[PDB]
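Numbering of ligands and ligand atoms starts at 1, following listing order. Starting from 1, each residue takes its place in the sequence as its number. No hydrogens, no waters, no symmetry mates; every other heavy atom, side chains included, goes into these values.
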Amino acid sequence: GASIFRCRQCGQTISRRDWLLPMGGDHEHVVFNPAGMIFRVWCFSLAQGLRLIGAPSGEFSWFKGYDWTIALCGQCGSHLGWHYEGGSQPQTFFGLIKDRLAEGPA
Ligand SMILES: O=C1CC[C@H](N2C(=O)c3ccccc3C2=O)C(=O)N1
Ligand SMILES: [Ca+2]
Ligand SMILES: [Cl-]
Ligand SMILES: [Cl-]
Ligand SMILES: [Cl-]
Ligand SMILES: [Cl-]
Ligand SMILES: [Cl-]
Ligand SMILES: [Cl-]
Ligand SMILES: [Cl-]
Ligand code: NI
Ligand SMILES: [Zn+2]
């Protein structure tokens, strides 16, 4: 059974369970933004359906050695998470907010 992560707002296909990545040994990280809100961040090696906004930034990065850019759903513009770059093994990956996705069957 393929298990698809869809944009919770609009239903667009974004990623799948098979594309989870154990970043630092763990494909689901618990992180705090600077306002103190807690996110569960799924780590994916690949994703579809995403528009990236801005130049990379390293500030506040939750993943050492990686800079982020904001990832929006291309269809509806929901803020789904971030793309990470500038690392090694892998160079890049996606960190997507669990509450902003919905996991279900194909
Ligand atoms: O790895 C990341 C991605 C971006 C994220 N981030 C936020 O969630 C945020 C909210 C408010 C102002 C500034 C930021 C910031 O860098 C953050 O804290 N770390
Ligand atoms: Ca975890
Ligand atoms: Cl899958
Ligand atoms: Cl990590
Ligand atoms: Cl964690
Ligand atoms: Cl944190
Ligand atoms: Cl969350
Ligand atoms: Cl952000
Ligand atoms: Cl949103
Ligand atoms: Ni895993
Ligand atoms: Zn969407």
Side-chain angles (χ1 to χ4, degrees), residues 1-88 90-106:
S3 193
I4 309 297
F5 293 87
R6 296 182 178 84
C7 173
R8 183 167 285 287
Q9 182 64 65
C10 76
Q12 198 198 193
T13 295
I14 303 295
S15 195
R16 56 182 81 209
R17 181 156 288 268
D18 183 49
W19 299 346
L20 287 165
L21 175 61
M23 176 58 45
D26 182 1
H27 68 228
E28 186 193 18
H29 292 228
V30 172
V31 304
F32 291 79
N33 79 4
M37 190 160 316
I38 191 176
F39 301 130
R40 276 75 175 182
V41 174
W42 297 119
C43 299
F44 298 101
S45 57
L46 196 67
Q48 295 175 128
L50 296 174
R51 162 162 165 261
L52 309 183
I53 302 304
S57 180
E59 270 197 304
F60 302 113
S61 181
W62 297 306
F63 301 97
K64 180 174 165 39
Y66 293 85
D67 292 348
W68 54 268
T69 55
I70 285 162
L72 303 184
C73 179
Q75 183 162 253
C76 78
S78 178
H79 183 197
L80 301 185
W82 302 272
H83 184 254
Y84 291 93
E85 66 182 88
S88 338
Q91 292 181 141
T92 66
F93 69 101
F94 296 85
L96 302 182
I97 302 161
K98 180 176 182 299
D99 183 77
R100 301 272 165 86
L101 299 171
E103 192 186 354

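- Residues forming a salt bridge (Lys or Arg N to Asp or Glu O under 4.0 Å) with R17 (at least two apart in sequence, or on another chain): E103.
- For the Ni ion (ligand 10), the nearby protein N/O/S atoms, meaning those under 2.8 Å, are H27 ND1.
- Looking only at distances, no side-chain donor or acceptor of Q9 sits under 3.5 Å from a matching main-chain atom of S78.
- The distance from the CG atom of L46 to the OG1 atom of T92 is 9.0 Å, given to the nearest 0.5 Å.
- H29 and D26 get closest at one heavy-atom pair: NE2-O, 2.8 Å.
- Considering only heavy atoms from C-beta on, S45 stays 4.5 Å or farther from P90 through its side chain.
- Considering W62, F94, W68, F63 in turn, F63 is the only one that fulfils the ring-ring contact (aromatic ring centres under 6.0 Å, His included) rule with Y84.
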